[PDB]
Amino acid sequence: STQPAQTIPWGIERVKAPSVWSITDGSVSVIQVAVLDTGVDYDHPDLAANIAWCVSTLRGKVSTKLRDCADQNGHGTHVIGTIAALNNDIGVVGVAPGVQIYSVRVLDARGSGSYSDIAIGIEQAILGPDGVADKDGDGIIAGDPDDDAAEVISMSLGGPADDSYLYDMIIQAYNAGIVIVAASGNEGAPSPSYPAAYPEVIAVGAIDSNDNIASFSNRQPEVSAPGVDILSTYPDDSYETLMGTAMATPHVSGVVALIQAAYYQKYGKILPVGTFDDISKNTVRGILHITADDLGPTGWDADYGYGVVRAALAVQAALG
């Protein structure tokens, strides 16, 4: 297979990721991003070095087998490559191109997913490879270097149901200090699907290369991000261009990874997650809000949410 020379997708350059790399590419050892999706092409040349853990929760059975964790769809590999494709001579590059990834396969060969499997996926992101959320009992989970919990949960998926046990699990992730990001959905609907609709979760809408919201993007997102004509990694060891709020999501998850990476590199702790409301520089979500490129009507609006995330500003604000 003939690997093409590296290019930087227009989305990466829109969310202002490249100027951050000299500070961090996200390869701070305590930082992992868990991507709950169709799995990953774990051997892809532009992804493999960053795949820290590969696991599946399909049908309520947790498997660490590689065969069970492999992407049979493509959607996972595409998403992961937007966050984390390696900065090198080949392919594309991710927003956080040195960040460690946990690929948690909660969606099948068809891209279909049960809420029970997703919930187990969230659970595995918290527990991490060692099966234990908080091994030393200190209450610090995300950002504790003694633990292996992810710091970001990325969910390019959603549905119409709002279920109490799924919400309870989201609550657990929030209280573990994990930033949760999820796709608004692609029905052109009035509001986001779940879990993007939960207050603890960042809802993400899709813009196109002209900076207009995509007509399919579910409205009332918290932030927005490149979601039309997005080139990324794709099976098997190749690339593909896709659209959807599924492609916007990982841009935002990458920016959060850059923020917590930068902040930990400097201070030896991570930022609090924050709320949808937050307009301070003291939490991840407030930083994301106040540094977003306010598009559309002034301030937060039903199309763009607070705006297009901008990593270079967000990190400068985190470190200031």
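If you superpose the two forms and keep the largest set of C-alpha atoms that fall within 1.5 Å, you have the rigid core. Residue numbers run from 1 along the displayed sequence.
Colleague: After a core fit, does 96 to 104 or 160 to 168 show the bigger CA gap to the shown form in 6 other deposited structures of this protein?
Modeller: Larger mean C-alpha displacement, comparing 160 to 168 and 96 to 104 in 6 other deposited structures of this protein, is found in 160 to 168.
Colleague: Which is higher in the entry, the mean Cα B factor of 59 to 67 or that of 29 to 37?
Modeller: Per the deposited B-factors, the answer is 59 to 67.
Colleague: Taking only the CA atoms, which stretch has the higher mean B-factor in the record, 252 to 260 or 289 to 297?
Modeller: Taking the mean C-alpha B-factor of 252 to 260 and of 289 to 297, the larger value falls to 289 to 297.
Colleague: According to the deposited entry, which of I213, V104, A119, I202 has the largest Cα B-factor?
Modeller: When the deposited C-alpha B-factors of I213, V104, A119, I202 are compared, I213 is largest.
Colleague: From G227, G131, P195, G81, can you pick the one with the highest C-alpha B factor in the entry?
Modeller: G131 has the highest C-alpha B-factor of those listed.
Colleague: Lowest, middle or highest third: where is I90 by C-alpha B factor in its chain?
Modeller: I90: CA B-factor falls in the highest third of its chain.
Colleague: Taking the values exactly as deposited, rank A5 by C-alpha B-factor within its chain and report the matching third: lowest, middle or highest.
Modeller: Its C-alpha B-factor, which the entry lists for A5, ranks in the highest third among residues of this chain.
Colleague: Compared with the other modelled residues in the chain, in which third is the CA B-factor of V315?
Modeller: CA B-factor rank for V315: lowest third.
Colleague: Quick one: classify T241 as lowest, middle or highest third of the chain based on its Cα B-factor.
Modeller: CA B-factor rank for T241: middle third.
Colleague: Is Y174 in the lowest, middle or highest third of its chain when residues are ranked by C-alpha B-factor?
Modeller: Middle third of the chain for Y174's C-alpha B-factor.
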